[PDB]
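Undergrad:
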Amino acid sequence: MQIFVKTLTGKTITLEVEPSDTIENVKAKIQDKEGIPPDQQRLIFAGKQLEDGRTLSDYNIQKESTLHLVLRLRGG
Amino acid sequence: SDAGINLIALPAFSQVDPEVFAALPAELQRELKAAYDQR
Ligand code: NI
Ligand code: NI
Ligand code: NI
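Same order as they appear, the protein sequences are chains A and B.
Once you know that position 72 of the first sequence is 72 in the deposited numbering, the rest is easy, because the numbers rise by one and skip nothing.
Quick note: to get the deposited numbering, add 1000 to the position in the second sequence (first position is 1).
(1) Would you tell me roughly how many angstroms separate the C-alpha atoms of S57 (chain A) and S65 (chain A), rounded to the nearest one?
(2) Would the C-beta of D52 (chain A) count as close to ligand 4, meaning under 6 Å from any of its heavy atoms?
(3) Check whether chain B comes within 7 Å of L43 (chain A), counting only Cβ atoms and requiring the distance to be less than that.
(4) Is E1019 (chain B) near ligand 3 - that is, is its Cβ less than 6 Å away from at least one heavy atom of it?
(5) Along the beta strand (DSSP E) that carries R42 (chain A), what are the first and last residues, could you check?
(6) Taking the alpha helix (DSSP H) that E1031 (chain B) falls in, what are its first and last residues?
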C-alpha cells in the first residue's frame, strides 16, 4: 500500500509499505530516498511520536495515510 | 561542517507548513520554537 511522509515544509515522500512493516522499516525506506539516518528520524501519527519496534497496523495507519517527519537537531 | 545537521532539520521559519507544525506533539513544538529563536 501507499503512504505519505511529510516534513515541516510540506515536502512529501511517497512510500510503498505493508501494514506489517515496522516503523524502523519505514525509516529505512526513508533513508534510501533521503539519506537521513533512521535514529535522526522522528515520525508522528495522530499527534504521537511513533516507536520503532511497532508496526503500522499497531498504530492503525491505513492506506493513503500521512506521517509527519521531524529530524533531530544537532546534539539531541 | 557540523552545521549541516540543522540546515536540513530546521528549514527557514517562513517555509514551515502551519498544518504540519500543528500535527506535532506539544514537546516537539516547544523544542522547535526554542531552536528558531536561537538562530
Ligand atoms: Ni529532503
Ligand atoms: Ni530505531
Ligand atoms: Ni499545509
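Where a beta carbon is used, it is the ideal one built from N, C-alpha and C, also for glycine.
TA: Here's the rundown:
(1) Your numbering for residue 57 (chain A) matches position 57 in the first sequence. Your numbering for residue 65 (chain A) matches position 65 in the first sequence. Distance between the alpha carbons of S57 (chain A) and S65 (chain A) is about 12 Å.
(2) With respect to ligand 4, the structure shown offers nothing to examine, as its ligands consist of ligand 1, ligand 2 and ligand 3.
(3) One-based indexing of the first sequence puts residue 43 (chain A) at position 43. Chain B contact via Cβ: absent.
(4) Against the second sequence, residue 1019 (chain B) aligns to sequence position 19. Result yes, Cβ under 6 Å from ligand 3.
(5) The residue labelled residue 42 (chain A) in the question sits at position 42 within the first sequence. Run containing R42 (chain A): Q41 to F45, per the beta strand (DSSP E) assignment.
(6) If you number the second sequence from 1, residue 1031 (chain B) lands on position 31. Note, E1031 (chain B): alpha helix (DSSP H), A1026 to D1037.
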